[PDB]
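What follows is one chain in structure tokens, specifically the form deposited in one PDB entry.
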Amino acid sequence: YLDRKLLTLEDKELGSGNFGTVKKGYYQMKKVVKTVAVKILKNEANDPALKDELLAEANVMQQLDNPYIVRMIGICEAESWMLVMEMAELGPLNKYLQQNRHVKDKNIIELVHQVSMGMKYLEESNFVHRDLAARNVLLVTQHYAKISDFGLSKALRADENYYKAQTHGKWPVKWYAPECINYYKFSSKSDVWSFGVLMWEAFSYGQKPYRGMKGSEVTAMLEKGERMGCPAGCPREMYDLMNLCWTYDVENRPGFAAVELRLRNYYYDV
């Protein structure tokens, strides 16, 4: 738990949501001050499900340590409940690509490879992300991406490779694999499907997937074996990798170790 007197928040808001606000701030470390992004719960954190999601996200972040995952500084209980993270200055990947339409193919491949390295680590650590979308990739620099938003993330049981939800909740269905929608089962292979959607978003410069379709229509499209087309100018090898991520059968779909290998821009052995 952090010291409010060591935290300073900017008057301006960095972003906003139904949970409350996101503010840029500064936190006093051993010697230097560190730039932070702070999620601040609305109405003094009176929504108990908001408070519980904040604490669950913090509990997951405390266990993670990887260069391609946003680092948590901690929780601050003061005027409201705050979750303090190391600032990724350039913000969400989808907004960045919407605003920077000339980012080169090699650079997009570099960034999605970094996401695959963080996901390979999460898979090895037996956590499922469950909200892997371009909006949840944050840029430290134009050449360094980190994964964020672990609000739906789960630590897998020791005897299973999936988290079983009781039924369908309010979910980012356009990023979910068929086994998620049909059987409520979430594995690292389910995150690989989401990663294929994230890839499609990155090469479509932050366009939304399955434009104009209802969730039920997406499910029927996928069950028919249909998939989104190749984004204009997307390298064929990257579109082929999206299609492999969108393998219907969870057993035949690659895991992140296999996907990360396919995103390397150097010779290697399997």
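Whichever C-alpha set is largest while still superposing within 1.5 Å between the two forms counts as the rigid core. The first residue of the sequence shown is number 1, and the count goes up from there.
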#### Entry: Other PDB entries, at least a third, lacking residue 42
yes
### Query
Does residue 74 have no coordinates in at least a third of the other PDB entries examined?
no
### Message
If you average the CA temperature factors as listed in the entry, which stretch comes out higher, 124-132 or 76-84?
### Response
76-84
### Query
Is the mean CA B factor in the deposited entry higher across 90-98 or across 187-195?
90-98
### Message
For the CA B factor values reported in this entry, which option in 157, 113, 71, 170 has the top one?
### Response
170
### Task
Rank-wise, by C-alpha B-factor, drop residue 105 into the lowest, middle or highest third of its chain.
highest
### Task
Using the B-factor values recorded in the entry, state whether the Cα atom of residue 231 falls in the lowest, middle or highest third among the modelled residues of its chain.
middle
### Message
Could you place residue 259 in the lowest, middle or highest third of its chain by Cα temperature factor, using the values in the record?
### Response
lowest
### Query
Among the modelled residues of its chain, does the C-alpha B-factor of residue 161 lie in the lowest, middle or highest third?
middle
## Note on the structure
The third of the chain into which the C-alpha temperature factor of residue 47 falls is the highest
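FYI, the form deposited in another entry isn't displayed, but the following is about it.
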### Task
Please name the single residue among 164, 143, 95, 168 whose Cα shifts by at least 2 Å between the shown form and the other one after core superposition.
168
### Task
Kindly check if the Cα atom of residue 252 is displaced 2 angstroms or more between the shown form and the other one relative to the superposed rigid core.
no
### Message
in the other form, the Cα separation between residue 167 and residue 227 changes by 3 Å or more relative to the shown form; did it shrink or grow?
### Response
farther
### Query
Versus the form shown, are the CA atoms of residue 265 and residue 258 closer or farther apart in the other form, given a shift of 3 angstroms or more?
closer
